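No lab work stands behind these numbers, since they all come straight from the coordinates. Here Cβ is always computed from backbone atoms with ideal geometry, including for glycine, and neighbour counts include all displayed protein chains.
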């Protein structure tokens, strides 16, 4: 029952989805920022540096806006 | 008013001021309200000539404006029959006020602390927020 992963660390496998854990109900439901409204290169650099440091939220929203906005892209 | 009657009666002799004022009053005796009213009218004249590029309730009063109010009050008080020199000096001070309004000459400062009266922005431009300007240290 103690299934080992690829890295050889035993653990217990659970059928419950991690999001549906009754503890992350208010952090899995986020209304998107849409940061690509009035972007200035300074602010784009700021969000890129924030993503580099570890906070990937702004970068992901910016990428989503770039995907849906720029038709050639 | 910019100048008080105690200054108009000093720059211009009080006896001549009484001679000019005593007819205008109702009773016929030397009065002081006529001179104050003339000074108020001259101050209104100067205020109109200065409101072009100044906040008119002047924070600091230029020190020459006392002279410029006394001369205009004196001319306004000699309207029946003025001397040629009074008219010439009134034309000179009107020319100076026109130059101040146009921008050729600043009124001056307060002689005590050398402070110039403030005013509204003569020139004012608005543009869209700056993007791609050199202040954007990103990219480059």
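Observations on the model:
- Identity of the residue in region A:48-73, in contact (Cβ under 8 Å) with a residue 24 or more places away in the chain and exposed (fewer than 13 other Cβ atoms within 10 Å of the Cβ), that ends up nearest to the chain's Cα centre (by Cα): A:66
- Test result for residue B:53, surrounded by 11 or more Cβ atoms within 10 Å (Cβ to Cβ), farther than 24 Å from residue B:6 by Cβ and without any contact (Cβ under 8 Å) to a residue 40 or more places away in the chain: no
- The listed residue being surrounded by 13 or more Cβ atoms within 10 Å (Cβ to Cβ), in contact with a helix residue (DSSP H, G or I) (Cβ under 8 Å, 6 or more places away or on another chain) and within 30 Å of residue B:120 (Cα to Cα), out of B:4, B:21: B:4
- Among the residues of region B:4-37, none is identified as within 14 Å of the chain's Cα centre (by Cα) and under 24 Å from residue B:99 (Cβ atoms).
- Some residue of region A:8-19 being farther than 26 Å from residue B:132 by Cβ, free of Cβ contacts under 8 Å to residues at least 12 places away in the same chain and surrounded by 10 or more Cβ atoms within 10 Å (Cβ to Cβ): yes
- Here residue A:33 passes the criteria (1) surrounded by 12 or more Cβ atoms within 10 Å (Cβ to Cβ); (2) away from chain B (no Cβ under 14 Å); (3) outside any loop (DSSP other than H, G, I, E, B) except the one numbered (3).
- Subset tally (residues that are surrounded by 10 or more Cβ atoms within 10 Å (Cβ to Cβ) and over 30 Å from residue A:39 (Cα atoms)) for region B:105-140: 14
- Applying the set (1) out of contact with any strand residue (DSSP E or B) (no Cβ under 9 Å at 6 or more places or on another chain); (2) away from every other protein chain (no Cβ under 14 Å); (3) assigned to a loop (DSSP other than H, G, I, E, B) to residue A:2 leaves exactly one unmet item: (1).
- Pairs, first within 14 Å of chain A (Cβ to nearest Cβ) in region B:109-136, second exposed (fewer than 10 other Cβ atoms within 10 Å of the Cβ), C-beta under 9 Å, six or more apart: B:129/A:38; B:131/A:38; B:132/B:139; B:134/B:140
- Selection within region A:36-47: residues that are within 9 Å of chain B (Cβ to nearest Cβ) and surrounded by 14 or more Cβ atoms within 10 Å (Cβ to Cβ). The member of this set that is farthest from residue A:66 (Cα to Cα) is A:42.
- Within region B:68-85, tally of residues that are in a helix (DSSP H, G or I) and surrounded by 15 or more Cβ atoms within 10 Å (Cβ to Cβ): 9
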